[PDB]
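Structure assessment
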Amino acid sequence: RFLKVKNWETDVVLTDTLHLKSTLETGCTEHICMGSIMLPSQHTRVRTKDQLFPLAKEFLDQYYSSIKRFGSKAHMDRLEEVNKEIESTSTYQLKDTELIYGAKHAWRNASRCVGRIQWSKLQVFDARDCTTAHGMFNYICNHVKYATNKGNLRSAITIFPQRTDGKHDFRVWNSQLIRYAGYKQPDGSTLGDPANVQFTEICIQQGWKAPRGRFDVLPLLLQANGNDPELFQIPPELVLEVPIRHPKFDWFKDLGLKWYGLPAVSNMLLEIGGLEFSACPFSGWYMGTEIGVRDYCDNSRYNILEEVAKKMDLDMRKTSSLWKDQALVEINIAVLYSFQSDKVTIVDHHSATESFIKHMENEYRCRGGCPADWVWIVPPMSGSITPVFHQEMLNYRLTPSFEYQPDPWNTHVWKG
Amino acid sequence: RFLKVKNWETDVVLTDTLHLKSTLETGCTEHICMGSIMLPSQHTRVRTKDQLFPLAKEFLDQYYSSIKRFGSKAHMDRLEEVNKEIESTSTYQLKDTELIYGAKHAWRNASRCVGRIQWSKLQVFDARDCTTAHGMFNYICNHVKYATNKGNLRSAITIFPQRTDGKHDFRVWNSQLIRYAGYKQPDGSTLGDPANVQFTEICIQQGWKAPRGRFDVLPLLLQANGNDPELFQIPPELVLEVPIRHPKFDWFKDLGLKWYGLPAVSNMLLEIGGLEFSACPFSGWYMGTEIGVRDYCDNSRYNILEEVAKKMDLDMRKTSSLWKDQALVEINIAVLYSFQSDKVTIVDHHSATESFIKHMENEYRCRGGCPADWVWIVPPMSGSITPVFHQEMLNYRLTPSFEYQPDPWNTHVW
Ligand code: HEM
Ligand code: HEM
Ligand SMILES: CN(C)CCc1cc(F)c(F)c(CCc2cccc(N)n2)c1
Ligand SMILES: CN(C)CCc1cc(F)c(F)c(CCc2cccc(N)n2)c1
Ligand SMILES: C[C@H](O)[C@H](O)[C@H]1CNc2nc(N)[nH]c(=O)c2N1
Ligand SMILES: C[C@H](O)[C@H](O)[C@H]1CNc2nc(N)[nH]c(=O)c2N1
Ligand SMILES: [Zn+2]
């Protein structure tokens, strides 16, 4: 059974057979669509040998199909080897080749990711020999150095040991490797990034001396083998930052804004062949709107819309003057211009969405589909003047995958 | 099963139980979400004598509840009466009060409509006594004049006779009552509105003498009782139009842009108690972005971003200058400025989405929920700085409802 999607601006129609290979559930039913639910239980997140071998087998079948060795003796022997390792040891270990395939394909299957044209050019760092928080800090520093590359950013992921009994998890407690602190003041205002107030408090409680500034890089809070997490400060020379200025507005620099260069997600779960990798930080490079639209202008983040609109002297009485929309465009022009001027990799939302359309069409050609989440793919500004807005998309769940997981401070058992 | 929706800007959480009354189907499964498909089979649309009565019963049951007479003398009586009329005539006719209720609730249940906070204020015009296209034209003119109201716009729907056998359908062939024509030029490009090129040709291919301008109001093409349709010119004095100028850039009026004040969808199918109304033009008032973002700036429409940006002298050599975004804002400031200057009702996208959040809150409070289609409720510019962006929405299909329906010229035995 085949399915079609139409781009309504170009009348291009594509045929999806890949959704047939989909196992996991979406969250929708025939009588209700949950397409706009942010964290549906299905997309969030121990396994027993009962269900683990079929998950291994399906993954290995995929893997050996991709290398043109399906049904080969190398393929049959590996299946046998994994089987016996599961029955006697209860889990199994991926080879290096399988881990690299898995991480790439989890990104390939990331239906909310607009940057997936780059998916096969991913640098995979195997940190499965790591045993301690210090060991983790070392692997993460090397990730940040390699990925940053003096501004010429390179996609990378670092993979720490897989979950075993769920009581010895490796976790990076930060949501991203590099993020700014946020501080609730006694008068109710917030200093810094309001998204990080809760995590900032945990760090301070674990002993972090906070500078209490508006752009303080947070410490790494790292958990090895289920032990209590430990604080480490990324060396500042590894944290590339871009001061934000505007190409016409000389007064923009006086807002004292800066942002970091490397977007590196660190709280997600990597699932490959039934195995769960609970610490797997990954990084690419920023699309401009992530910083200029969401980070700076969300009412619940830095929320600089007013300060910018004031200095532009806009009619701020009625909303129908679109002063909000006007300040937003200027802030996003500044973010792009500051990054480009400093030769730090960044992509605008027009370029990135055009690329995704080309990626998606190619994926239908050579793979039979490309799972896509329209709600997340469409940029948070100027939606319809980007070609994804006019593109029908089918959302379904393939593995390997990145999944959400509960914040560790709500599940951790404290040693003391 | 008693589901929850969170707003992530405010942490407000609403519980939805209304969805458990949903009847029709979404197109999704638990294996694949179709939330971005524009027209699944379900959203498009005779009855056997059997499937008609359960539909009638469900509608009457919710009608009599809304008036607090569920399980009353009048309820069971009407129920029996509709039962008997169906056994005999194999259809039935709605009472005036039921027709009004059914129309307001088709709008109440339209999950892609952001303007639904106004749903109970709708003016319903019963046109079920109509028999000819000339009469149809008369009802539509009266609709237009009433809804326009000298620029103080008012919501209205006009309901033509319901389908009987499918051979005698009433249909308005225009997609909206008021739309601008579109002509294909000798040199490949398109003059006027490209969305209307086929329909603009059908009118000519029917007898319309086009002035071949850029903003030529289309004639009405009205089909009564399954007959061949007929052309009709809407009196100009009834078509309120707004010249578009900018409150800062005097060169903006030189661009020669105008738009019409009345958005009046005329090609949808209204379904009440299983009865199908194939001609039910309805109208409200515009949200600014429908014109300024989509109508003006869609690449497959008027596509004027190239010109506005040049006249703004912006660096159009790199997308990373965001010149499209910058021009897009100015256009949409102009549209709002022009309408508000000429005292024609219009709402900006910030106001409408704020009102929709308030409408959701009301519906969750007094009704138990509110079907909502995020892909359509979030405006096509400045998405995340409107409160609907951060709003989780549950999409499900309730009835009475508006459904899409095939274009008549593909169906009619001409
Ligand atoms: C190379 C440049 C990349 C760009 C421009 C990019 C862009 C984006 C954007 C804008 C989002 C939406 C997130 C939001 O708005 O909050 C997203 C989501 C996502 N990205 Fe990419 N990304 C890139 C690389 C990567 C890499 C290297 C990985 C993993 C190896 C990845 C995995 C994901 C995933 C899993 C999501 C979904 C998050 C969720 O389900 O909530 N991305 N990406
Ligand atoms: C009074 C002010 C109104 C406003 C501001 C408004 C706004 C909107 C907007 C912006 C859309 C998105 C469609 C698009 O972008 O093309 C929409 C869809 C819709 N509106 Fe409303 N509308 C109003 C009145 C009405 C009325 C009076 C009715 C019927 C009684 C109605 C029924 C609908 C329906 C059925 C749809 C969606 C069609 C579909 O399912 O694809 N609206 N509306
Ligand atoms: C709930 N909300 C905070 C989710 C934020 C979030 C969660 C994720 F898992 C995720 F991969 C991304 C994408 C961020 C990103 C990664 C790589 C490159 C890039 N340019 N951007 C963003
Ligand atoms: C995909 N597209 C071709 C569908 C067009 C379409 C179909 C509809 F039923 C519909 F109600 C509207 C909204 C137009 C409208 C109606 C009332 C007020 C307003 N401000 N605007 C637009
Ligand atoms: C409620 C809604 O699902 C939520 O606000 C989503 C909408 N789309 C998004 N799209 C992206 N890219 N990133 C986001 O964080 C969100 N948030
Ligand atoms: C492909 C996609 O479903 C299509 O572009 C939809 C998206 N959202 C929309 N939203 C509104 N309000 N109007 C539209 O026409 C559309 N088109
Ligand atoms: Zn769905």
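So, how was this worked out
- Residues numbered from 1 in each chain as written, not as in the entry; some residues may be left out.
- Chains lettered and ligands numbered in written order.
- Heavy atoms only, no water.
- Near = heavy atom within 4 Å.
- Polar contact = N/O pair within 3.5 Å; in protein donor to acceptor, adjacent residues only side chain to side chain.
- Nonpolar A, V, L, I, M, F, W, Y, C, P; charged D, E, K, R; others polar.
- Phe/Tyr/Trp six-rings, centres within 6.5 Å; stacked < 30°, edge-to-face > 60°.
- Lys NZ or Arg CZ within 6 Å of the ring centre and 35° of its normal.
- Pairing = 2+ DSSP bridges.
- Helix = DSSP H or I, 4+ residues; strand = E, 2+ residues; numbered from the N terminus.
- Contact = heavy atoms within 4.5 Å.
- Axes fitted to C-alpha atoms, helices over the stretch in contact; angles between N-to-C directions.
- Buried < 20%, exposed > 50% of the residue type's maximum accessible area, 1.4 Å probe, protein only.
- Domains from an automatic or database assignment.
- Buried area = accessible area lost by both parts, 1.4 Å probe.
- Salt bridge = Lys/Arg side-chain N within 4 Å of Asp/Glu carboxyl O.
- Areas by Shrake-Rupley, 256 points an atom, 1.4 Å probe, with all protein chains shown as cover.
- Donors = N, O, S within 2.8 Å, 3.2 Å for Na, K, Ca; no water.
- Parallel < 35°, antiparallel > 145°, perpendicular 65-115°, else oblique.

As recorded in the entry header, the structure was determined using X-ray crystallography to a resolution of 1.9500 Å.

A few words now on the site of ligand 1. All names here are of chain A. The full set close to ligand 1 counts 16 residues, and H43, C113, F282, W285 and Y404 are the nearest of them. Within the contact set of ligand 1, an oxygen atom lies 3.1 Å away from a side-chain nitrogen or oxygen of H43. Within the contact set of ligand 1, a nitrogen atom lies 3.5 Å away from a side-chain nitrogen or oxygen of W107. Here the shell around ligand 1 is built from residues that sort into ten nonpolar, four polar and two charged.

Summed over all chains, the structure comprises 44 aromatic pairs over all chains. In textbook terms, an aromatic cluster arises when at least three aromatic residues are bridged by ring pairs, as seen for A:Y180, A:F215, A:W259, A:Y260, A:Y286, A:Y296 and A:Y302. Of note, A:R154 hangs over the ring of A:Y146, and the distance from its end group to the ring centre comes to 3.7 Å. The cationic tip of B:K6 hangs over the ring face of B:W8; the distance from NZ or CZ to the ring centre is 3.7 Å.

Another point: the sheet that holds strand β5 (residues 171-172) of chain B. All names here are of chain B. Read from one edge of the open sheet, three strands run β5-β8-β9, paired in antiparallel fashion. Edge strands, defined here as strands with exactly one partner in the open sheet, are β5 and β9 (230-232). With two bridges joining them, β5 and strand β8 (residues 220-223) adopt antiparallel strand pairing. If you follow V172 over to β8, its bridge partner there is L222. Where helix α4 (residues 133-148) meets the sheet, its contacts fall on β5, β8 and β9, and the angle it forms with β8 comes to roughly 125 degrees.

All names here are of chain B. Considering the arrangement of structural elements, one finds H168 in the loop between β4 (156-159) and β5. Classification of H168 by relative accessible area gives partly exposed; the value is 34%. Residues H168 and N410, 242 residues apart in the sequence, show an inter-C-alpha distance of 16 Å. At 3.1 Å, the side chain of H168 forms a polar contact with the side chain of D165.

Right, let's get into the domain arrangement of chain B. All names here are of chain B. Structurally, chain B comprises domain 1 (16-128 + 155-165 + 269-283 + 353-377), domain 2 (129-154 + 169-240 + 404-408) and domain 3 (241-263 + 286-351). In this complex, domain 1 contributes 24 residues to the contact, which on the side of domain 2 involves 18 residues. Buried area between domain 1 and domain 2, summed over both chains or domains, comes out near 1,800 Å², and the portion from carbon and sulfur atoms is 59%. Of all residues in domain 1, the largest losses of buried area upon contact with domain 2 belong to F160, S278 and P281, amounting jointly to 24% of the total for that side. For the pair domain 1 and domain 2, the interface holds one salt bridge. The residue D169 makes a salt bridge to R163 at a minimum N-O spacing of 2.8 Å. Taken together, the links from domain 1 to domain 2 amount to eleven residue pairs in polar contact. Here the residues of the side of domain 1 that touches domain 2 are counted per class, giving twelve nonpolar, seven polar and five charged.

Now for the site of ligand 3. Residue and element names in this part refer to chain A. All residues in the neighbourhood of ligand 3 are listed as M38, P263, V265, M268, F282, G284, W285, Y286, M287, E290 and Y404. A distance of 2.7 Å separates a nitrogen atom of ligand 3 from a polar backbone atom of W285. Within the side chain of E290, one N or O atom sits 2.6 Å away from a nitrogen atom of ligand 3. The protein chains hide 62% of the 520 Å² of surface that ligand 3 would expose on its own. Partitioning the shell around ligand 3 into residue classes produces nine nonpolar, one polar and one charged.

Once that is clear, we can look at the coordination of the iron atom of ligand 1. In this structure the iron atom of ligand 1 is ligated by exactly one protein donor, A:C113 (SG), at 2.4 Å. One can find A:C113 in the loop between α3 (96-108) and β3 (123-126).

Take the packing of helix α7 (residues 305-312) of chain A against helix α8 (residues 323-341) of chain A next. Residue and element names in this part refer to chain A. The contact between α7 and α8 brings their axes to 9 Å, and the two run at 95 degrees. It follows that α7 is roughly perpendicular to α8 by the angle criterion. When α7 is examined against α8, the residues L305, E306, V308, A309 and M312 are found in contact with a partner set consisting of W323, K324, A327, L328, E330 and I331. Looking at the contact of α7 with α8, its residues break down into eight nonpolar, no polar and three charged.

Here the focus is the pairing of strand β1 (residues 3-6) of chain B. All names here are of chain B. When β1 meets strand β2 (residues 13-16), the two strands line up antiparallel, connected through four bridges. Bridge pairing in β2 places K4 opposite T15. As consecutive antiparallel partners, β1 and β2 are separated by six residues, and within that stretch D11 has a phi angle of approximately 65 degrees, a positive value.

Time to look at the interface of chain A and chain B. Taken residue by residue, the interface counts 64 residues in chain A and 62 residues in chain B. Summed over the shared surface of chain A and chain B, the result is zero salt bridges. Where the side of chain A that touches chain B is concerned, the elements lending two or more residues are β1 (3-6), α6 (288-297), α8, α9 (349-367) and α10 (374-377) of chain A. When residues of the side of chain A that touches chain B are assigned to their parent elements, the largest contribution, ten residues, is made by α8(A). By residue class, the composition of the side of chain A that touches chain B is 28 nonpolar, 25 polar and eleven charged.

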